[PDB]
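Scroll down for the structure; my scribbles are underneath it.
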Number of protein chains: 6
Amino acid sequence: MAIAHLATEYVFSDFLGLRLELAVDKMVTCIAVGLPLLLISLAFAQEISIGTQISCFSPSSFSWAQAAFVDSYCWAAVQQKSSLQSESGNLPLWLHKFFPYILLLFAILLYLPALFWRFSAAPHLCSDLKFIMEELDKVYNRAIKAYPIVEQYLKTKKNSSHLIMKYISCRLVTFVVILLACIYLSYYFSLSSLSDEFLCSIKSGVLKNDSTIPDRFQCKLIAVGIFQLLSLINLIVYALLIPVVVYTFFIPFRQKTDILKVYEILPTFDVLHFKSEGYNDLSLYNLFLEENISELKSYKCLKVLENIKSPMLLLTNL
Amino acid sequence: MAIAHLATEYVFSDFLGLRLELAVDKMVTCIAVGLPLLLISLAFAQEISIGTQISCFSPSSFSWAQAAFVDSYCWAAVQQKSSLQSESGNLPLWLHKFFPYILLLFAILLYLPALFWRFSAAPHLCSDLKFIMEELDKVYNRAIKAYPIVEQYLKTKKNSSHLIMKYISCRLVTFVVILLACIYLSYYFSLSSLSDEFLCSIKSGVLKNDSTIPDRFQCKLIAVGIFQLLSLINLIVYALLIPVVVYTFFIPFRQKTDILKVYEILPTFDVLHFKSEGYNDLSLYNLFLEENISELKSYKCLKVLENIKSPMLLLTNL
Amino acid sequence: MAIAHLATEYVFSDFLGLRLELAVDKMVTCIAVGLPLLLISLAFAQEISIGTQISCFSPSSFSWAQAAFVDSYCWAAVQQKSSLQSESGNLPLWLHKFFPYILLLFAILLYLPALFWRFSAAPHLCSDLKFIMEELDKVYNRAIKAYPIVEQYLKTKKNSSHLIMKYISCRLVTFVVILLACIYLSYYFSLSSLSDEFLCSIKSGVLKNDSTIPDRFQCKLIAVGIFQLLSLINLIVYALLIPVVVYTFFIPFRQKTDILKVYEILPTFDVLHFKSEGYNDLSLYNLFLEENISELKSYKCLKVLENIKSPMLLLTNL
Amino acid sequence: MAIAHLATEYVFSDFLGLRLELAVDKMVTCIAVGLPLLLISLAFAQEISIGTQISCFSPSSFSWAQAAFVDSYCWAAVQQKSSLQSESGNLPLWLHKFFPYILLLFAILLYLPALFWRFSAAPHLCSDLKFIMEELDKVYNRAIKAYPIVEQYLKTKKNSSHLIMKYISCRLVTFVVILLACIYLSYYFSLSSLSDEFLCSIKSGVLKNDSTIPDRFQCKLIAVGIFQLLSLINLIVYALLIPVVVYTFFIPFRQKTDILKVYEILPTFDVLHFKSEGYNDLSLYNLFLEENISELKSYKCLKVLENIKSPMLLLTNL
Amino acid sequence: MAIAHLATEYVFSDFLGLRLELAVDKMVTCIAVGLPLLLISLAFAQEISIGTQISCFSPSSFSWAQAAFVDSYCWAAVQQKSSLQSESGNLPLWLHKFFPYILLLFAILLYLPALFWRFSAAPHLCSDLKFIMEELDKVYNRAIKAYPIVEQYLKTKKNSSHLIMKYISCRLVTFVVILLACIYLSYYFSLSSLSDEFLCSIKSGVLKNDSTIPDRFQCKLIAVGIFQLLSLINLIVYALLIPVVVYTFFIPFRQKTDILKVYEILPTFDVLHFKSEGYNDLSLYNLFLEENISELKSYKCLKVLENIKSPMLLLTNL
Amino acid sequence: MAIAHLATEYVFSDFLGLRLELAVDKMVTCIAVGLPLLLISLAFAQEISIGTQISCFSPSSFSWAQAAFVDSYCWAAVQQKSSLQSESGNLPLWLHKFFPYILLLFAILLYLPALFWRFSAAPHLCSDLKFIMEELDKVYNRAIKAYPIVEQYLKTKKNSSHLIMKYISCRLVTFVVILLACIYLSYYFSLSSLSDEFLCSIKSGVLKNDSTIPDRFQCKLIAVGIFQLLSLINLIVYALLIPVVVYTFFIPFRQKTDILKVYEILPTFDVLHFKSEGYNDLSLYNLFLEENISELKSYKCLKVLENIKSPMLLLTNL
């Protein structure tokens, strides 16, 4: 398995019948959630791990049992205020210990907006794309045979902002969490490299008076050099996601092709070129249509004719 | 696998043909049961665990075998009243040891109400939704063709409170268990951080008179700093579930759309707008209908027309 | 996996086309058999286990090899009468060692009655439910069209007690085993907490004369504090099963609905309201019918009409 | 997994379209073969095993390497005549070491008779049951319509003893092996509990003259206390199988119902009540028919009528 | 599993209905990505690994605990500037430690261009190959029966460079990354073999003044001799990929057969021998057609005739 | 699993609808590639491995940590020219260490020719066998009914050498690699048995001046005695493959039956007995036909008649 298992598991696989998520939003989510899970898996891989996360230099007079006590006590002590000293203060010792939980937290928090979309919006969307697509094929069938229900339906969606407000808020939560992650990772990479070293003391309770125990044990959080390096990789990639996420908000500018111009070739269709520059649900439907109706039989036929036009009898001779 | 396995297993998967549970009640149950199982799995992950749950500072004269005896004896001693001292008293030592069983107990107890619903109510519900849905499609078919059995059936359910009392009691047990969990986790997070340290003695039986053994060994429950931190995460999330659970009791206020108004467009239907403000089973059926009949072919057709109305021949021209 | 694996494996899964076991008898069996298997799995989970089941305080002069001999010899000695002392006597040392085999024995013994039902009664039942159900649908079909073979068949089952004696004896064996388990677990929880400590001696054979070996080693059965706590959980749950099991014997009182009253609406049916208060097989067939014929197409139609009656042409207009 | 895995694997599963083995013979074989495999799996489970199967008390002057030599040499020595002493003699030391192979041998030897039946008799049986069953349905069809080939066929099987001699010898081998197993397990349970202790010597070859090595090491076969206890469980269950196996030989007395009396209701059938009290193959066919033809459509119809008789037009009105 | 598992997993399996990637580009990608994953898996295989990645020669007075501290501290120290000395400088110590992450990075970066093709170009290609292939079968059917839409369609693709610019840039990124990998691997193989040895010091913080600790520990990165050898294998194979990748850019020279000459046998076809020596999308379509239309029924028939020609009635007599 | 897993995995399984590889070439490839993978898996099996691949005799004054340093340093040193001595010179120490990679290299290199055949020739072959086979069935159908396209097609293949040059070169590469493997394995088996022993020195850098360290440590490559023995097994089997591979080149002599003589019985066929003694593609097609057309319905019928002839109406009476 080794490192190579992790490549097969998190890079070469979608580890997470309509497309109810846009390809950009899928890839952003997959990178945002998937990268910290890979980095956690790499940081503790046996190829780079040597062993325990900590070790402490106990005196040569200590038995192996007393040394194992010091190592394990000081692993507990990194989060106890009275039994530590570090020139950094105690705060970075928490971050060095809990680093894999903190990356996991970002991975989870970045998934929740997409999970909310799957539940709160996808089923309300799915029914309506299926309707609109089938009605467009009827309009194509009506033309080859040579009510405006879907035109009236879309004209109604033009006067709504319900689904688009769910979408933008889902994007906005993702932006905020990525921004906070970049702030945290910038700080954690800025921590002084020697802040993995701290002084520990076991002299509490019964041990407080024992003259045979040294007043301080030096300990080192051996993995920290891996965590800081991998945090920079995470910071770089998330800093590249930030502008892509911001681009997603510009829905009325994201429509790549005015596909209804392809149907406009038919005399049965109507001038519903409703590229709504107001943030209205129909504009978001256009994106999900452009994601899906590239599969429509009518579109495939009509787009060939529209490209060649750069004649209705031709549709019967295809 | 590492931490990342746990994300794939408990976050990215439904690890637990009609929908017989409401989406809110599913998500509440899935979070309430699933979170403590994740937290237990995190608390002992090899990324954060160092080793044994306890260690004790045996004298340097002790052999490795005698030290292993002290460690294992004191792991047994934390629940034996005569062979301990702690300034906290002995109670928190039980909670520190049995923490993963206590979280497991809440996970189980929070699942039982949903399991009871699966057995006691779902099969009694499933037959009747199937009936009501099919009869609504007949009423739609009768209109396009242009006995009131289902109207009489629903009018009978209006005079019953059998299923709704099973539902409310299932919700009420979930509320009580979540409240008790929040009380426990608030206490366990309030335990003094040093209550993971205690004094142990092996001087019982034959050892009681041995002058070579110290009267007290200091021991530390190394994992406790993880348990307390993770208990706060659990307390926060459950405190967010409490108001959502309470909202579920307000069944007569939870109906989002008066879907029978969509069928009211048909002349064959009748004014059964029985939004019963009394807690009557028909009101609960309306919730399960609104969860399911969004899939009905009649609803999909009629809701388009109802939205456009914001004409029966149109139904034949769709 | 950890503890959380065990929840998924034994709580969230049925780890054990007609329903040939009643839902109450299924759940009783599933709890009775499944709980001790979960408790065994919990008692040795690495979250709560520290290591070996025993340790002994060998002298500091002993080599690590001699200490490992003492630990392993005394694990063998707990069941050898001559090489022990305990104030409890030797009996509880057997129970502390063999605790997981004893719980396994109850798990097996509680499954055998249900396995006997699967073999000895289910195939003799399955043929006859299939017959009775199909004949009831014919009686429904005969009414809508507007020989009494099944009435004569049921009237014959009214004069038999063959299957019901298999059922009651299966229930009776389950009751006896649960009662004996509650007696054992009450005793094992009553064992003094310090009865996990005992004195061991290796001075037999060649070692009997060696002055360098101490006459007694103190040993502790470290897991016993877990076993006693978990035995209380098992005792509580089985004490709750006892009254449920006893309720199962009252077959002539368990019939919840007189379903033949729903068929009594038809003029083709007959007054076979044979709620036999004598323990006769037909009374047990009524329970298995009430478990199954809720799926019958005739029942679904007629129960709607019976509820509305709280008219045969209506059956053609459904 | 623990112990509980073994319950799921060997108790709750058939771990081993006609039924070509009788239910009694299946269950006998499944218990006879399956129980020793479970007992072997239990005897070395980590819940009850402490570690190595042997340990020896080497002197305190021995290095850990020399102690590991003594432990491993003496594990080899238990089967070497010159390098042992035990008051029992050397024989039980073999049985204590090879106990799991001996139980495995019985498990295998008890399976071979059933495997021989699967190969030597089942395919010769399978063709003929299929024939006889189909011809009985024709006789039923011939009656409802109101050559004796199958009657002549069965009358020929009445004059044969080929298959029944394969069956009885298969049963007889199973009886002999179970009896020998009960004899062995009775002896092995009768072995003195201290016969797990023996004296070992490494003083051979170059070591023979070394004055620093003791002339005897005491060793203990730590698992033996488990093996003897589990051997009693095996002895008890096999002693219960013995009378069940003996019952299987009484084929002419085992026929529970004279099913041809149910067909005797038809006027097309004939008085082939050939309950042959001589051990003739037709008597064995009757057992396999009674195991299978409970599934026959004709039998299901005619047995209802036969029970009600406690009229041929009724067969058309079912 | 051993080494042999890796052969089955990465050599004998495609570990990564139209063919939307050319066979050359598939094999280049599969070697470029797959080889470093195999080499990482080999470099840490238990057949060649001895144990830890580092060891240090601590003084004989050090306890085993202090030695384990030195080993683990120095594993952390290889990336800390102040606590090292090496005649190479510190740079190669980073490369020796992070070697498996660096190979993984190249494996990932070499996959991204092919993943971009899968997303950005394959679905835009897939629709159009399906169209062109079906129209070619119609042209074949039209000939056997003895509008030019596809000819006009292809004549339009001749005036576009959209898809080919995606393809060339995808190839160009692959070339750049392979070139940079060859530069890195050439350097890493050129590192002096003794640069796996370095001097470490633990004398920081509290230890800085301890006279009992030596001022330098010698440490060796034991795996480095494997990494350098395997880096040469990777460098050789990538140096062989470079000319193959460069060959892929010569699209207008890569067309192996002028397949439209086979259709030119038909009188319905037209002289669209548009081997565009300008880099125009139609030239790239010809490559994907030559990859796919070898499966076309028309091609299979016509290529036989074209080879024999080295007659239309023959098509009806095949 | 043990050794026996490897038998099931590599001997009893094809671990690697037309047959596009000849049975001889399949078996040669399967043995040539599969044997070294089995031998690698055997050489490190826990039944024959004791532990580490190396051990060194450090002084008795060395700590366990210093000994582990010597063992791991010398494992690195076997490939470093300055820190070794062996009377063999350093070369065989490389071969002893890298033996499993060298066998893996031969396993890979022997697979590539067959993988090249799968890609470069099989799809060009597959279309043409399918054609030729179907046309032969038409010729059979034409005879029973009582154009020469396939005769003209085959007569064209008679004037080509494209595919046969791919085949012979694929065979030739396999021959060369097997020959080189036999040369290497002959040498590696000829290495003196004591060349697994070498002298190591850790006296470099800081250690160079330490008088407490011996100038040489003796080390032994413990596995080498396994590698040399298994190399002889590999050499023997490959030496048996050499003449089989050479036989494959004699394509015009390998045709076992002149199958077209069976079709020559039909009056519709023609005297295409083109056993081309020149190396022409049609001769290779004859081999692949003889491998496949034994499945043809026509062949099965006609070969019966041809054997009986050792009459066309008979074909209708089969």
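Residues in the structure tokens are numbered from 1 in each chain, the chains being A, B, ... in the order shown, and ligands are numbered from 1 in the order shown.
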
Do you know which residues are at most 10 Å from residue 287 of chain A counting only C-alpha atoms, after dropping those on the same chain fewer than 3 positions away, and could you put them as a list in words? residues 22, 251, 252, 254, 255, 256, 257, 282, 283, 284, 290, 291 and 292 of chain A

Once you count only C-alpha atoms, what closest atom pair and distance in Å to one decimal does each residue of chain B within 8 Å of chain C have, with rows by chain and rising residue number, as a Markdown table?
```
| residue | atom | partner | partner_atom | distance |
| --- | --- | --- | --- | --- |
| B:16 | CA | C:12 | CA | 6.6 |
| B:37 | CA | C:4 | CA | 5.3 |
| B:38 | CA | C:4 | CA | 7.5 |
| B:40 | CA | C:4 | CA | 7.1 |
| B:41 | CA | C:2 | CA | 6.2 |
| B:44 | CA | C:47 | CA | 7.0 |
| B:52 | CA | C:50 | CA | 6.5 |
| B:53 | CA | C:50 | CA | 7.1 |
| B:61 | CA | C:60 | CA | 7.6 |
| B:62 | CA | C:60 | CA | 6.0 |
| B:63 | CA | C:60 | CA | 5.5 |
| B:64 | CA | C:64 | CA | 7.3 |
| B:65 | CA | C:64 | CA | 6.3 |
| B:66 | CA | C:57 | CA | 5.8 |
| B:68 | CA | C:55 | CA | 7.9 |
| B:69 | CA | C:55 | CA | 5.6 |
| B:72 | CA | C:222 | CA | 6.7 |
| B:73 | CA | C:222 | CA | 6.6 |
| B:75 | CA | C:222 | CA | 7.5 |
| B:76 | CA | C:222 | CA | 5.3 |
| B:79 | CA | C:225 | CA | 7.1 |
| B:80 | CA | C:193 | CA | 7.3 |
| B:97 | CA | C:48 | CA | 7.3 |
| B:98 | CA | C:48 | CA | 7.5 |
| B:100 | CA | C:47 | CA | 7.4 |
| B:104 | CA | C:4 | CA | 7.7 |
| B:108 | CA | C:11 | CA | 7.5 |
| B:127 | CA | C:300 | CA | 7.6 |
| B:135 | CA | C:318 | CA | 7.5 |
| B:147 | CA | C:317 | CA | 6.4 |
| B:149 | CA | C:318 | CA | 7.2 |
| B:152 | CA | C:308 | CA | 6.4 |
| B:153 | CA | C:308 | CA | 5.9 |
| B:156 | CA | C:308 | CA | 6.7 |
| B:205 | CA | C:218 | CA | 7.4 |
| B:206 | CA | C:218 | CA | 6.5 |
| B:207 | CA | C:218 | CA | 7.5 |
```

Just list the residues in segment 9-142 of chain C DSSP gives helix (DSSP H, G or I) on the backbone, as a PyMOL selection string. chain C and resi 9-10+23-43+64-77+81-83+91-120+122-142

What residues in segment 190-236 of chain B get the DSSP label strand (DSSP E or B)? Please answer as an MDAnalysis selection string. chainID B and resid 197:200 217:221

Using only C-alpha atoms, determine which residues lie at most 12 Å from segment 276-281 of chain F, disregarding the query and same-chain residues fewer than 4 positions distant; provide the list as an MDAnalysis selection string. chainID F and resid 121 125 128 153:168 249:255 258 272 285:288

Have a look at atom CA of residue 237 of chain A and atom CA of residue 35 of chain A and let me know their distance in Å, one decimal. 8.6 Å

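A straight line drawn from atom CA of residue 176 of chain B to atom CA of residue 245 of chain B is 10.2 Å long.
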
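Between atom CA of residue 102 of chain F and atom CA of residue 27 of chain F there is a distance of 22.2 Å.
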